[PDB]
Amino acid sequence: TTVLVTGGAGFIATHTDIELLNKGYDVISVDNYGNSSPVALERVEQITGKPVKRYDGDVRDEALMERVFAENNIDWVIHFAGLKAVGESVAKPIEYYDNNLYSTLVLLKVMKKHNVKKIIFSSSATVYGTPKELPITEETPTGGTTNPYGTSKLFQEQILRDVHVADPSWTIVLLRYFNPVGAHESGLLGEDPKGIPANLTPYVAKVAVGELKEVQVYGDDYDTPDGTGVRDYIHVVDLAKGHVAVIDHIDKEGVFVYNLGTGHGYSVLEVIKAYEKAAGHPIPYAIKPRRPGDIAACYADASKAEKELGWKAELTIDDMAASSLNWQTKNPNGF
């Protein structure tokens, strides 16, 4: 069973690549290294002892994607490729819509052309906007998205649903990730974006090891216990295993939706505290204005994935922080 992983050098992909390779799947990566290093795929190979067939380029490049499908016999696709920062998306809507919508459209056109009809799409808790209920289930209504990133994910989910209307032999799996954090236990692979990290924990990790000065906490006036945002942090290794569970267990046509989270919500300040516990020292932080597009609180009821896929995310916030710091300590400038 051969899996094409778009955005295959990124944070969640490389963890997923490991878990697929350890289960005996063959993995192919396409990535443009906009937010990742090719060295990450060398580290996947080192950890697993297994190859990742590497393609370098853009998923919007039809000729490149044609080559990928012509040269390989692909069973499944996991589509991670995308731009993913809520705040940046508000400032750069056309960059987000172009990259995110058109990568998906070029991919689907090539998949259809080759009769490859099994996809896992990397969706997001942001599709729920301001959550109609907490904890969020797969029955919680979607919409009211607050930012072009989240909007783009909901748009893509609808595109994919309409592919299955038009050709119900597809298997579409919409995985709504909450907030993945942490690093492979080896410390040889972890989160390493380009530029200043946009997500909270890679930033916090870098402040903890002295590579950045101060955690910027975006807003303390949300309707939450301490006023900072609340999120369902999930260990990236657990999230990676969730993808393997889909491919192990779903071998029929249909549209399948899962929330992938822990059901444990932590505030920004609580995250910092977990890191301070892992580091054994204070981690400087400052209260800053709200970041556009952020909502107050979102966390998952992941019952459905446990029943249907046999999967549960049980690594803890301390496992997340410790594994993150292990990676960052051993690799302070990343790859």
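In case it trips you up, residue 1 is the first one in the sequence shown, and so on.
In this entry, 67-75 shows the higher mean Cα temperature factor of the pair 67-75 and 162-170. Comparing the deposited coordinates for 212-220 and 97-105, the stretch with the larger average C-alpha B-factor is 212-220. When the C-alpha B-factors of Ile119, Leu134, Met111, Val90 are read from the PDB record, the largest value belongs to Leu134.
When the modelled residues of the chain are ordered by their C-alpha B factor, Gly187 lands in the highest third.
For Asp319, the recorded CA B-factor ranks within the middle third of the chain. Only modelled residues enter the ranking.
For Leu325, the recorded CA B-factor ranks within the highest third of the chain. Only modelled residues enter the ranking.
Per-chain ranking of the deposited C-alpha B factor places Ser152 in the lowest third. Ranked by C-alpha B-factor against the other modelled residues of its chain, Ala40 falls in the middle third.
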